[PDB]
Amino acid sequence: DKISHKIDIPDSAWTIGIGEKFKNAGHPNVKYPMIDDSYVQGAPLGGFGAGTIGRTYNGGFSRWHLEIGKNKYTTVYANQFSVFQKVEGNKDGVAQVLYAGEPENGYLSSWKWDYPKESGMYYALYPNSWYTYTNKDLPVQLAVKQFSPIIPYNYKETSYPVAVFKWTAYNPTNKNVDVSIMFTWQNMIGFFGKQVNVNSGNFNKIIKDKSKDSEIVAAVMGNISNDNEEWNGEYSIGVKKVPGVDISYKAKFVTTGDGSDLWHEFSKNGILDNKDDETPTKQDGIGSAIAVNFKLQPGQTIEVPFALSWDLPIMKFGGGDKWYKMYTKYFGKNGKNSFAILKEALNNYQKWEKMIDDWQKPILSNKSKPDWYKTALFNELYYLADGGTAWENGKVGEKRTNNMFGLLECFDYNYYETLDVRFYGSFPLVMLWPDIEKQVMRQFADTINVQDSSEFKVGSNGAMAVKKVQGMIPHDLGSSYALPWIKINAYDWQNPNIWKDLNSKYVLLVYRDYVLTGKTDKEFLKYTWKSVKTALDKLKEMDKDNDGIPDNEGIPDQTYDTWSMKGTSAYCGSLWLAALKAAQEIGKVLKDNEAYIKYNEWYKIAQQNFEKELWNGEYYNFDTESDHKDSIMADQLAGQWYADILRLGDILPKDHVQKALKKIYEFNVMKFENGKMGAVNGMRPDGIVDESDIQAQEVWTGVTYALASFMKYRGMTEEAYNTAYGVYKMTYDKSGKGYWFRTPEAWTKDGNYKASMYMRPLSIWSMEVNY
C-alpha cells in the first residue's frame, strides 16, 4: 500500500477490507418481518431532504433512499467505477470493475466483475469516505475520496442531491503506465414511482461545458416527458478536465444486455467511442459512461474529480401529498437541472472539502479523546441524511416563511420525528443545524391543541381510542406512507394521548433548544410558551393520588412501550421534575410571574414526594407499584440528565445521583456481558437481568450514549467512556455484530437487534459536553 500516504485519511476513520466477509453478524430474531439488509453497507451520499444513496464498502450503489421515507436495498449493477491499466509497450492492458461482487443474472456479463479480496480498503468518517485500490495486477495504485457537502450551520449545500468522487492515482513502479477511470450510471428514471412502462421515454445526452482553463463533460440521464411527478427528473454524472488527462464518453449503452457495447471499448485501450445518441428507449434499460485516460510516469501522481447529481424535485407520500424538496430553492423545481448541480459540485468541491475539515477539526485535533469515540461520533451522523429525511420547499401547485422538516425514527416503524425518541436523537440538530431543530419544535408547538375525535384501534390491547386529544403532544408527525406534517400520530401500538413522558419531554426539548443556542432566542420561547404551559397543565391532571406527580397507569404509557410502569416512576417522575424547573425558568425569562410561582410550587411538592417514594439508599426505584418496582433502570434519572444539559442544577441530591449512576455502571453495564455491550435497561438488585419484559432485557443504544453523557457531566469519565465503548464495539468493531451505518434501537445479550437504522443513537452528540 503506497497510495495511503498520498491522501489524507484520518486515523479515526472506520475501516474494512474491500470484499471482506464478516462472520459474526446479528439478525433480528422476530415473529414479523424486520428489515435486515446485511452488513454490506457504507456511508451515504446525498444531502438533507435530497434522497440518499448508500454506496457500500464493496463499491456497489445498493441502499436506495431516493424515494423519501423508503428503504430499498438492491445493487444497481451498472453503477460503478472501473479501471483500465496498460504498462507502456505491452500488447494488452487489463480492465476491472471496482466492485467486490457480480450480477445475479446475465446482464453486464461482459464486464470484469469480482474485484479480488486483500486488494484495497474502505474508510469512513462521515460525511467523507474513501476506497483504496492496491492490487497486485494493477501497477498504478488508486484511491477515491467521496462525499456530499454536509456542513453544520449551512442549510444550502447541506441540502444538495450531489456527490463528489475525488480520485488520486499514483505510479510506484519504474515503467510508464496508461490508466483510465470510468464512471458508469444507469438512467434510473422509473426506478421508483412509475406504475407502468418503467424505462419508456428515458434518454441520455452529453453536455460539454468548455470555458477558459476549464472543461466539464457530463451525461444527463432523463426522460422525454415534461410531467411534474415524483418519478421524473434527471441524473447526471461527469468529470472535470485536469492537466494531463483526456476525457471520453459514451452516451448510451444498454443495461438490460451483456454490456459489451461499452466494455469492448473500455477493455481495449480505456478510451470510449464519444458516441452521442439521444434516441429514447422503450423497454430496455440504458446508461451512460464518462471516462478519463492518462499516462503516469514513474513516481507521478494525478488527481481528477468526478461527480454525481440527481434532480428529482418532487417527493410524494402514500397519502397523496406531493412536495418539493429543499434543494429546489437553489436550483429550481422543473426537474431539468441535474447539470447545474453537478457543475456547482465540480467547480466548488475543494471549498467543500475545506468546510468539512473546518468542522471536523476541533474534535479530530483533541488528543484527549480516543479515536474510537471519534469514529462513532462522526459516523453516527449518517442517519441525519439517511433517515428518510424530508425537507419541503412547497406543496406541488401552491409560499410560506419556513421549510418543514422531518427525520424518521426508523424504517420499520415509519414515523416522523417521534418525540419520545428525538428527546435523545435530536442532539446533532440542536448542536449543528439549530434552525432546523427550532422549526421541528415549532411544528410540535402547532399541534398541541389539535383535536381529532376519530378513533383508531390500539395495537397492544385492541381497544378504540381518540386519535389526538387537545393539550397532549403527539407521538409523531405522521408517516411517509400517509401524510407527514398533516396527519399526526401515525403510531398506534399504544395510545400516545395518555403517555406520561411526551408532554414533559416536549417542554425539556424547548428549553434545551433555547439554552444550547446561546440563551438569546426569546422569540422561540415566546412562540412555544402557551404550548409549554398547556403541556404541563394537562399532565398535572394525570396525578391520581395527589402526590403532585403524574401516575403511570400499570401499562406501557411512555417510550418503553411494552414495559409497564405504575404509580410514580423514576423515569417519568424525574422528567416531570426537570420539566417543571425548565418551565419556571422560561417563566422568569418571559416575565410571567404567575407561571413561575405555579410551577415552582408544583416542583417543590413533586420533588419532595419523588425522593420519599423512590430513594432506597443506593438508587431510585423503577416505580412505586409494579411487580419488580425495585429494578435498577438505566434511564431512571433521565430528568436529571437533561437538567445538567439545561444548566437547571440539582433536581435531586448530588450524593444520591452519584450513587445511582455508580449502581447503574456496576450493575446494568458491568454485570451485563462484562460491560462490553452497553447498559441493559433493567437489572434486578441481585445482579440478574430483569426478565419481566423484552425491553428490560435490551440495551438501547441511544439510552446508553445518553447515560454516558450523564456520567461524563457528573465527572465519572472512565465509567462514561466504558459505557459508550460497548455500543461502539457492537456497532463498528470486528468483535461486534456488524451494524455500521445501520445502528439499531436495541440488542439483547446475544447481540441480535431490533430496528436497524434508528434515530435514538444520535444521542452520542450529547457527549459533546464542552461544545
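Residue indices: 1-based, along the sequence shown.
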Between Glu398 and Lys399 - deposited residues without coordinates, as a size class: 1 to 3
Selected stretch [higher average CA B-factor]: 522-530 or 211-219: 211-219
Greater mean Cα temperature factor according to the PDB record, 71-79 or 621-629: 621-629
Options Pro685, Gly394, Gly425, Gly190 - largest CA temperature factor per the record: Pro685
Options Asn334, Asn174, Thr559, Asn379 - largest CA temperature factor per the record: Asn174
Third of chain Cα B-factors occupied by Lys754: middle
Position of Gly26 among the chain's modelled residues by C-alpha B-factor, lowest, middle or highest third: middle
Where the record places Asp92 (Cα B-factor, split into thirds across the chain): highest
Ranked against its chain, the third holding the CA B-factor of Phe710: middle
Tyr126 CA temperature factor, ranked by third within the chain: lowest
